[PDB]
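Here the structure comes first, spelled out in structure tokens, and everything after it is commentary.
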Amino acid sequence: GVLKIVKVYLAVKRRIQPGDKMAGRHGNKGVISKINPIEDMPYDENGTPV
Amino acid sequence: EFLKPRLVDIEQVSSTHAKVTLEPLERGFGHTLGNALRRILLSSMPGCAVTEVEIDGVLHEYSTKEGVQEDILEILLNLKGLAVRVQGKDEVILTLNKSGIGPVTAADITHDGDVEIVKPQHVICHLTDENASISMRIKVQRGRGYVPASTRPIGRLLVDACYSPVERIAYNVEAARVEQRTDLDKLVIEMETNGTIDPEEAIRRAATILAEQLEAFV
């Protein structure tokens with residue numbers, strides 16, 4: 001009883017945002033709370049931010 | 001009264017990362033100016049990242065071209081890291097035409113003398129067979145910060161914009177035993193750019209930005 005089917009494949013690209021759950025390999029979870037600016041992050045003696 | 005710091009040395013270690021010196025500096029002003037300039041540099045430095053890319057036989061970035069070892073997405077990712085300097089025009093359109101086996105690098109772009117490619121060895125893609133060719137148009141514009149393609153024909157592929165020549169900034173405050181006076185600070189700022197900005201020009205722009213923001217109440 002169906003005449004024809006049209007299947008459309010969209011390809012969305014989800015980058016990252018607060019609320020996206022991230023975890024390690026040892027049962028440690030967490031939802032991103034802020035996409036901090038690069039200049040606001042902690043940096044070591046060499047200036048490389050974490 | 002206060003001694004005014006000034007640019008005394010630009011110690012070019014390599015093509016990318018340089019090390020400028022500010023001297024003399026009073027007690028505490030070294031860290032203040034170092035952190036302020038670090039934040040300004042990492043925040044707001046004009047850059048010339050790619051914005052749009054158009055390959056002839058490509059409709060969307062999730063496809064492939066015959067004879068190209070890389071997916072279109074990986075080509076766009078490689079272009080996203082392309083370091084380029086434009087002088088006269090805020091917006092330019094470079095062209096890349098290559099045919100034959102081998103690594104299609106950034107050196108195969110049309111010269112366009114008003115545009116400088118700082119890393120000619122920057123590989124863009126690989127061609128696998130003689131009869132395979134890539135003919136593509138790249139759109140390079142001036143900008144500031146990070147402008148994801150989502151915020152801003154069906155053949156145009158948008159690449160995320162990364163208008164930020166700086167990559168790493170580190171300031172060290174040392175002792176400057178100069179002018180027959182002790183406990184004067186020297187601010188050595190080591191900055192690792194992508195090669196598209198002059199370190200002296202970068203410091204000048206950062207200081208100008210800070211002064212303009214500070215003019216609101218002085």
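How things are named: the first chain in the structure tokens is A, the next is B, and so on; residues count from 1 in each chain; ligands count from 1 in the order shown.
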
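By only C-alpha atoms, and with residues fewer than 4 positions from residue 143 of chain B along its chain excluded, the set lying at most 10 Å from it is residues 44, 45, 46, 47, 48, 49, 51, 90, 91, 147, 161, 162, 163 and 164 of chain B.
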
(message) Excluding segment 4-17 of chain B and its own-chain neighbours fewer than 6 positions away, which residues fall within 6 Å of it when counting only C-alpha atoms? Please give them as a PyMOL selection string.
(response) chain B and resi 23-25+191-195

Can you write out the residues you just picked, keeping C-alpha atoms, as a short mmCIF file (atom, residue, chain, number, x, y, z; two decimals), in the first residue's frame?
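As a result, result_10.cif now contains:
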```cif
data_model
loop_
_atom_site.label_atom_id
_atom_site.label_comp_id
_atom_site.auth_asym_id
_atom_site.auth_seq_id
_atom_site.Cartn_x
_atom_site.Cartn_y
_atom_site.Cartn_z
CA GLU B 23 62.91 46.90 30.01
CA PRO B 24 63.05 48.57 32.54
CA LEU B 25 60.09 47.73 34.78
CA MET B 191 55.64 34.04 21.74
CA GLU B 192 55.04 31.13 19.35
CA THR B 193 53.03 32.31 16.35
CA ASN B 194 52.31 30.55 13.06
CA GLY B 195 54.65 32.93 11.22
#
```

(request) Please provide as a PyMOL selection string all residues within 12 Å of segment 13-30 of chain A, with the sequence filter that same-chain residues fewer than 6 positions apart are discarded (counting only C-alpha atoms). (result) (chain A and resi 36) or (chain B and resi 61-62+73+148-150+160)

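Nearest to residue 141 of chain B of all the residues B:202, B:101, B:50, B:76 is B:50, counting only C-alpha atoms.
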
(message) Could you work out which residues of chain B fall inside 7 Å of chain A? Count only C-alpha atoms, and format the result as a ChimeraX atom specification.
(response) /B:39,42-43,168-170

Please produce a file of the residues just selected, as an mmCIF file, in the first residue's frame, where the atoms kept are C-alpha atoms.
```cif
data_model
loop_
_atom_site.group_PDB
_atom_site.id
_atom_site.type_symbol
_atom_site.label_atom_id
_atom_site.label_comp_id
_atom_site.auth_asym_id
_atom_site.auth_seq_id
_atom_site.Cartn_x
_atom_site.Cartn_y
_atom_site.Cartn_z
ATOM 1 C CA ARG B 39 45.712 37.775 27.632
ATOM 2 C CA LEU B 42 45.960 35.083 23.115
ATOM 3 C CA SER B 43 42.582 36.848 22.814
ATOM 4 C CA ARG B 168 51.639 30.127 22.813
ATOM 5 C CA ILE B 169 52.727 33.077 24.967
ATOM 6 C CA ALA B 170 54.969 32.866 28.034
#
```

(request) From segment 76-135 of chain B, collect each residue whose DSSP state is strand (DSSP E or B) and return the set as a PyMOL selection string. (result) chain B and resi 84-86+91-99+102-105+109+115-117+123-127+133-135

(message) Can you pull out the residues contacting residue 155 of chain B? Cut-off 8 Å, using only C-alpha atoms, and skip same-chain residues under 3 positions away; I want them as a PyMOL selection string.
(response) chain B and resi 54-55+58-60

(request) Figure out the distance between atom CA of residue 146 of chain B and atom CA of residue 165 of chain B, please, to one decimal in Å. (result) 11.2 Å
